[PDB]
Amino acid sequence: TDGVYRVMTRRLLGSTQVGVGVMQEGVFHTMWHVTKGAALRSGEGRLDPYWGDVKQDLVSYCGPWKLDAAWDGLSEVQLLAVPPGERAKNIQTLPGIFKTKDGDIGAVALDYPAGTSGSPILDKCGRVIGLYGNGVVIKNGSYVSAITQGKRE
């Protein structure tokens, strides 16, 4: 059941992709703003949220956050972008950095439309070092996303 998933919503006409998520070790990981804690129908039946953090913009289904890989701070990473109505694409990039008054977080300057949130960012070994889709719009209109990763406990 491991893999990357499209988070869809049932519409009156058909369906619409609202986000992306990662299934690993029986736990479904996505961004809080994608589902806002709503239950998810799935091949395993209804899935309920297990852990959530609005400030981190993360949410976990069926179990605690399982994703633990971290950006090297030096190495190139790959975004597995799963945009609405488009085919999944790997984009390799060298991340930048967001500076917070309380610490550091990596950031990728890759611009993808609403509904791509929750796409996994990977290291060379294929582990999710974070989820895409929470960041800022830069003065020139382009989008920079933080590498949002969850505490695992």
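Each residue number is its position in the shown sequence, starting from 1. Definition used throughout: the rigid core is the maximal C-alpha set that superposes within 1.5 Å between two forms.
*Asks:* Superpose on the core, then say which of 40-48 and 60-68 ends up with the larger RMS Cα offset from this form in 4 other deposited structures of this protein.
*Replies:* After superposing on the rigid core, the more displaced stretch in 4 other deposited structures of this protein is 40-48.
*Asks:* After superposing on the rigid core, which of 11-19 and 141-149 has its C-alpha atoms sitting farther from this form in 4 other deposited structures of this protein?
*Replies:* Taking the RMS over all superposed structures in 4 other deposited structures of this protein, 11-19 lies farther out.
*Asks:* Pick between 134-142 and 8-16: the one whose mean CA B-factor in the entry is higher.
*Replies:* In the deposited entry, the stretch with the higher C-alpha B-factor mean is 134-142.
*Asks:* Can you let me know which of the two, 64-72 or 27-35, has the higher average C-alpha B-factor in the entry?
*Replies:* Stretch with the greater average CA B-factor: 64-72.
*Asks:* In terms of the CA temperature factor given in the entry, to which third of its chain does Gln56 belong: lowest, middle or highest?
*Replies:* According to the entry, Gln56 has a C-alpha B-factor in the chain's highest third.
*Asks:* Check where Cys125 lands among this chain's C-alpha B-factors and tell me if it's the lowest, middle or highest third.
*Replies:* As the PDB entry reports it, the C-alpha B-factor of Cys125 lands in the highest third of its chain.
*Asks:* Comparing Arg46 with the other modelled residues of its chain, is its CA B-factor in the lowest, middle or highest third?
*Replies:* Within its chain, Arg46 is a middle-third residue by C-alpha B-factor, going by the deposited values.
*Asks:* For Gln92, does the deposited CA B-factor place it in the lowest, middle or highest third of the chain?
*Replies:* Ranked within chain, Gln92 CA B lands in the middle tercile.
*Asks:* Compared with the other modelled residues in the chain, in which third is the CA B-factor of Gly103?
*Replies:* As the PDB entry reports it, the C-alpha B-factor of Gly103 lands in the highest third of its chain.
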